[PDB]
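Asks:
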Amino acid sequence: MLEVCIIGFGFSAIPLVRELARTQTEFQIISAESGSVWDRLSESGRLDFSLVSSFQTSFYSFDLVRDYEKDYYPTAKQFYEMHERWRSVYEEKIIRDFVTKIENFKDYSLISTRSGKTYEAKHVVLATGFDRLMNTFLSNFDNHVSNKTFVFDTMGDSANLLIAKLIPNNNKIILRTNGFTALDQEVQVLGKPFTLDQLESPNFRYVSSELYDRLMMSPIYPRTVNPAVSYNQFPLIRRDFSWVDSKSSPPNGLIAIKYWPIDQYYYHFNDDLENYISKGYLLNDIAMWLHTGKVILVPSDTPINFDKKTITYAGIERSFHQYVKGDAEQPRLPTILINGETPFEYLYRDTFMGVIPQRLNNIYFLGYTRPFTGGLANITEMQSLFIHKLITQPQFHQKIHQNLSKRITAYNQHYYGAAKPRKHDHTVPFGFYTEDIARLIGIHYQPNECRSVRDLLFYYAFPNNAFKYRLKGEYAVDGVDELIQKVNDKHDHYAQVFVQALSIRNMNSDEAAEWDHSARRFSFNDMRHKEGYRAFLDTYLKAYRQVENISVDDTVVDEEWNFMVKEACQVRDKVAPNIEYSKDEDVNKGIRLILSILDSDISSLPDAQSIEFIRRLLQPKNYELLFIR
Ligand SMILES: Cc1cc2nc3c(=O)[nH]c(=O)nc-3n(C[C@H](O)[C@H](O)[C@H](O)COP(=O)(O)OP(=O)(O)OC[C@H]3O[C@@H](n4cnc5c(N)ncnc54)[C@H](O)[C@@H]3O)c2cc1C
Ligand SMILES: N[C@@H](Cc1c[nH]c2ccccc12)C(=O)O
Ligand SMILES: N[C@@H](Cc1c[nH]c2ccccc12)C(=O)O
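Counting from 396, one number per residue, gives the positions in the sequence shown under our numbering.
(1) Tell me, please, which residues DSSP counts as bridged to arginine 571.
(2) Where do the N-terminal and C-terminal ends of the alpha helix (DSSP H) with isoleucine 652 fall, by residue?
(3) Within its chain, find whatever has a CB closer than 6 Å to the CB of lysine 925; leave out the 5 residues flanking it on each side and keep chain order.
(4) Determine the closest residue to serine 439 out of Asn535, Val823 and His839, with distance taken between C-alpha atoms.
(5) Pull the bridge partners of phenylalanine 525 from the DSSP assignment, please.
(6) Give the list of continuous beta strand (DSSP E) stretches no shorter than 3 residues that lie fully inside the segment 937-1011.
(7) Out of curiosity, what's the CA-to-CA distance linking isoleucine 506 and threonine 737?
(8) In chain order, what residues of the same chain lie with their CB nearer than 7 Å to the CB of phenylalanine 493, ignoring the 5 residues before and after it?
(9) Determine, using beta-carbon pairs with one atom in the segment 402-421 and one in the segment 774-793, whether at least three such pairs fall under 8 Å.
(10) List in chain order: all unbroken alpha helix (DSSP H) runs of 4+ residues lying wholly within the segment 425-450.
(11) Report yes or no: do three or more beta-carbon pairs, one from the segment 705-721 and one from the segment 543-556, lie closer than 8 Å?
(12) May I ask you to check if the CB of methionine 529 is nearer than 7 Å to at least one heavy atom of ligand 3?
(13) If we call anything under 8 Å between Cβ atoms a contact, is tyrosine 759 one with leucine 785?
(14) Is any heavy atom of ligand 1 found at a distance shorter than 7 Å from the C-beta of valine 639?
(15) Counting only the same chain and skipping the five closest in sequence on each side, list residues whose C-beta sits under 7 Å from that of residue 1048.
(16) Determine the direct distance from the alpha carbon of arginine 765 to that of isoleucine 774, and round the result to whole angstroms.
(17) Quick check: what's the CA-CA separation for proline 617 versus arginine 633?
(18) Considering only DSSP beta bridges, list what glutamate 844 is partnered with.
(19) Based on Cα-Cα distance, which residue from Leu631, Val892 and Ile691 lies nearest to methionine 959?
(20) Would you list, in sequence order, the uninterrupted alpha helix (DSSP H) runs of no fewer than 4 residues that lie entirely inside the segment 464-537?
(21) Near ligand 1, which residues have their beta-carbon closer than 5 Å to a heavy atom?
(22) Excluding five sequence neighbours on each side, which residues of the same chain lie with their C-beta closer than 8 Å to the C-beta of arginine 1024?
(23) If you draw a straight line from the alpha carbon of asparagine 555 to that of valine 447, how long is it in whole angstroms?
(24) Quick one: what's got a C-beta closer than 6 Å to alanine 471's C-beta in the same chain, skipping five residues either side?
(25) Could you check what DSSP says for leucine 578 in three-state terms: helix, strand or coil?
(26) Between the segment 844-853 and the segment 813-832, are three or more C-beta pairs nearer than 8 Å?
(27) Does the count of Cβ pairs from the segment 935-955 and the segment 607-614 closer than 8 Å reach three?
(28) Label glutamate 595 either buried or exposed according to how many other C-beta atoms from any shown protein chain fall within 10 Å of its C-beta, with 16 as the threshold for buried.
(29) What residue range does the beta strand (DSSP E) around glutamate 712 cover?
(30) Please enumerate, following chain order, all residues with a beta carbon closer than 6 Å to at least one heavy atom belonging to ligand 2.
(31) Does the Cβ-Cβ distance between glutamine 753 and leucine 799 come in under 8 Å?
(32) Residues in the same chain with beta-carbon distance under 8 Å from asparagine 538, minus the five sequence neighbours each way, listed in chain order, please.
(33) Taking just the CA atoms, how far does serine 437 sit from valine 602?
(34) Run through DSSP, which three-state label would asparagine 670 get?
(35) Note down the Cα distance separating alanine 907 from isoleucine 497, rounded to an integer number of angstroms.
(36) With a threshold of 6 Å on Cβ separation, who are the neighbours of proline 622 within its own chain once the five nearest residues in sequence on each side are excluded?
Next up, the structure:
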């Protein structure tokens, strides 16, 4: 009897196949001849964009240990080339066919295929990815569409990439949405670039819920009255967060788009602009679009005529060329038959850690958990370790499954509370999820085993990337020691985010929200760093057009749009003139202090009262996770 069958091979399955090979566990992969959206984009030459996620979080530990030299954003070309490199390694273990049905029995499954070939396997892993409504827009994208009006009912990363591509053809963009969370993918800390995933210090949740909440939520919840923040200039960007019923913030189910702020885009790409655009580094600064009026927000309930193709806002009856109805994610699951009869019903919350479904025996889901920030790699590497351990170690399989339904209830209580199921429940802060799996497997760090201040920075401030948990123990990867050293040497041992937590420990949430926004350039949606880049924007559009052989007329002037932008930007035209740094000073001084006591013994530190606090990090009081204990 075949020990393991993996269904679907693109990106998510790679780390699991690697571990099954290492332990010589018998496995077969079944995967469609057709392949993925990445094959659609490759075949049709549309891998001309870049990831919304850092290198560190988007490539597996066993690639990073070889190829990491600096933080950067990989291109769609590089990401796909990496999938193709791993497909080549394992292609001999792949049967090219399409699974149509799985019949699940007490200790095996019967797998049916389009060819008619059937397979028996004791353990079955689904790594088939999602169907996405929006893929047709990216895969069949037309760049000749010019001077047209688009209406989007949802802001997501796909809409934002479409918008980046339309705007340089003088396409006008109306968003008719119930708000959206957008975050600068890259941020300056005392004049040095940090990808946003470098600054989450997630294990601070263990100090307390409230402290972590103040560390994280002021750029997402409308907490500052600072008029430089996009959610004050353009309030139609605010969301209804009344659904959230959890002390764990950011909450599971919160989705964000991650975008190039124009200032960081300029710092990286200004010197070789056309060549960088052609590699797929597209400016996608939604806040700059709102600032310049190349995008407008309108209320959710703004009347539209689907028959005449018209949207009803202020004075002009604007005909729209296309309505984009907004991306949904549905797992590509075959029919699964419980005891080979009863259709399995998929719901993210009714699986443990997005991986283990109830009422199925030895079936695992790999790649259906979505990270709030950073790449999928962080999530699928840790899920792969979890699945490998369940498959190959019956003691671990028994430990997890014995109280499976209780673990799931305890997880849902902790992370969702009494909220009803939502379509985005599958979205998790990457640094909670990786840490959660690491504690389940037993490859976690213990805060009580920190000796030096340097050790506290590593435990609390070093990002909870999957490779963090592959330094030593059961899943160690060779070269992780050198990788961690390199990353620490380039990021000042994450002293800056450690000092952020030290700065806000005594504040309430309004105070921390004010302090967050006291910076000369605060992390996210700082509308003071837009006007100075108006000339560079024109250079950019000219560069984009030249790269893509586009010719449009700005000497042709769209009068009617010029007119609707004024109505859209009334709060901004009122709020912006009220503009005009505690955070910069606090952080600068704190980093000085921390970097001076790097190698000081914690336990022995003498009796401001930040010392008390630093000493208490050996004994955090919010460490309990009832779905693990
Ligand atoms: C436009 C776009 C941009 C993205 N950008 C990023 C990014 O910036 N950073 C990031 O980290 N992630 C990004 N992602 C998300 C993620 O990395 C990709 O979705 C990735 O392809 C997921 O890998 P996967 O292996 O789970 O699924 P896939 O890559 O879709 O591979 C699954 C494979 O299984 C096959 N298959 C499906 N059903 C069956 C079946 N029943 N039988 C047999 N074979 C089957 C499919 O044909 C496919 O080849 C992006 C996704 C998209 C669509
Ligand atoms: N802690 C950093 C970065 C940060 C805050 N909120 C976030 C949400 C997601 C990602 C990063 C962040 C700051 O306060 O600016
Ligand atoms: N364009 C993809 C982006 C995406 C999906 N899942 C992700 C995980 C990590 C980074 C990016 C993504 C989407 O439809 O949403």
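The beta-carbon is built from N, C-alpha and C at its ideal position, and this holds for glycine as well.
Replies: Considering the structure as presented:
(1) In the sequence shown, counting from the first residue as 1, residue 571 sits at position 176. DSSP, once it has assigned bridges, lists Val693 as partnering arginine 571.
(2) Position 257 of the sequence shown holds residue 652. Judged by DSSP secondary structure, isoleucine 652 falls outside any alpha helix (DSSP H) and instead within the beta strand (DSSP E) spanning 652-654.
(3) Position 530 of the sequence shown, counted from the start, is the residue given in the question as residue 925. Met683 and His686.
(4) Within the sequence shown, numbered from 1, the residue matching residue 439 stands at position 44. Selected option, being the one with the closest Cα: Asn535.
(5) Position 130 of the sequence shown holds residue 525. Paired residues: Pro726.
(6) Entirely contained in the segment 937-1011, not one beta strand (DSSP E) run reaches 3 residues.
(7) In the sequence shown, residue 506 corresponds to position 111, counting from 1. In the sequence shown, residue 737 corresponds to position 342, counting from 1. Distance between the alpha carbons of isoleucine 506 and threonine 737 is about 15 Å.
(8) The count along the sequence shown starts at 1 and reaches residue 493 at position 98. The answer, listed in chain order, is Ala427, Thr508 and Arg509.
(9) Touching, per the Cβ criterion.
(10) Whole alpha helix (DSSP H) segments, 4+ residues: 432-438.
(11) yes
(12) Taking the first residue of the sequence shown as position 1, residue 529 is located at position 134. Flag set: Cβ of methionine 529 near ligand 3.
(13) The sequence position of residue 759 within the sequence shown is 364, counting from 1. The sequence position of residue 785 within the sequence shown is 390, counting from 1. Cβ distance < 8 Å, so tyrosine 759 and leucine 785 count as in contact.
(14) In the sequence shown, counting from the first residue as 1, residue 639 sits at position 244. Incorrect: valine 639 has no Cβ contact closer than 7 Å to ligand 1.
(15) A question about residue 1048 goes unanswered here, because the residues of the chain that appear run from 396 up to 1024.
(16) Here residue 774 refers to the residue found at position 379 of the sequence shown. Here residue 765 refers to the residue found at position 370 of the sequence shown. Taking the straight line joining both Cα atoms gives about 7 Å.
(17) One-based indexing of the sequence shown puts residue 617 at position 222. One-based indexing of the sequence shown puts residue 633 at position 238. Straight-line Cα distance between these residues: approximately 7 Å.
(18) Stepping through the sequence shown from its first residue, residue 844 is reached at position 449. Answer by DSSP bridge pairing: none, since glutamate 844 is not bridged.
(19) Along the sequence shown, read from residue 1 onward, the residue named residue 959 stands at position 564. Answer by Cα proximity: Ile691.
(20) 471-485 and 530-534
(21) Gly403, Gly405, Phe406, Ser407, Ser426, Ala427, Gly430, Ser431, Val432, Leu446, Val447, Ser448, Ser453, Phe493, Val494, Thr523, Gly524, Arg727, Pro729, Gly762, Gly770 and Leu771
(22) Stepping through the sequence shown from its first residue, residue 1024 is reached at position 629. Taken in chain order, the list of residues that qualify is empty.
(23) As a working mapping, residue 555 is identified with position 160 in the sequence shown. As a working mapping, residue 447 is identified with position 52 in the sequence shown. Each residue's Cα considered, the two are about 10 Å apart.
(24) The count along the sequence shown starts at 1 and reaches residue 471 at position 76. Cβ neighbours of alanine 471 beyond the five flanking positions: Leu442, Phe444 and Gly675.
(25) Residue mapping note: residue 578 aligns to position 183 of the sequence shown, counting from 1. Here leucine 578 sits in strand by DSSP.
(26) no
(27) At 8 Å Cβ cutoff, the stretches do not touch.
(28) Indexing the sequence shown from 1 puts residue 595 at position 200. When all chains shown are included, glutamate 595 counts as buried.
(29) As a working mapping, residue 712 is identified with position 317 in the sequence shown. Note, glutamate 712: beta strand (DSSP E), 712-714.
(30) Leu578, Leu591, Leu594, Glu595, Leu610, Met611, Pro614, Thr768, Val892, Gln895, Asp911 and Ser918
(31) Taking the first residue of the sequence shown as 1, we reach residue 753 at position 358. Taking the first residue of the sequence shown as 1, we reach residue 799 at position 404. Cβ atoms of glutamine 753 and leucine 799: closer than 8 Å.
(32) Here residue 538 refers to the residue found at position 143 when the sequence shown is read from its first residue. The beta carbon of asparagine 538 sits closer than 8 Å to the beta carbons of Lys560, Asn564, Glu943 and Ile945 from its chain, once the five residues preceding and following it are set aside; these are given in chain order.
(33) Walking along the sequence shown from the start, residue 602 turns up at place 207. Walking along the sequence shown from the start, residue 437 turns up at place 42. Rounded to the nearest angstrom, the two C-alpha atoms are 46 Å apart.
(34) Numbered from 1 along the sequence shown, position 275 holds the residue referred to as residue 670. Residue state, collapsed to three classes: helix.
(35) Taking the sequence shown and counting its residues from 1, the one referred to as residue 907 is at position 512. Taking the sequence shown and counting its residues from 1, the one referred to as residue 497 is at position 102. In this structure, the alpha-carbon of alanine 907 lies about 52 Å from that of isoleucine 497.
(36) Position 227 of the sequence shown, counted from the first residue, corresponds to residue 622. Excluding sequence neighbours, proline 622 sits near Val970, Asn973 and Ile974.
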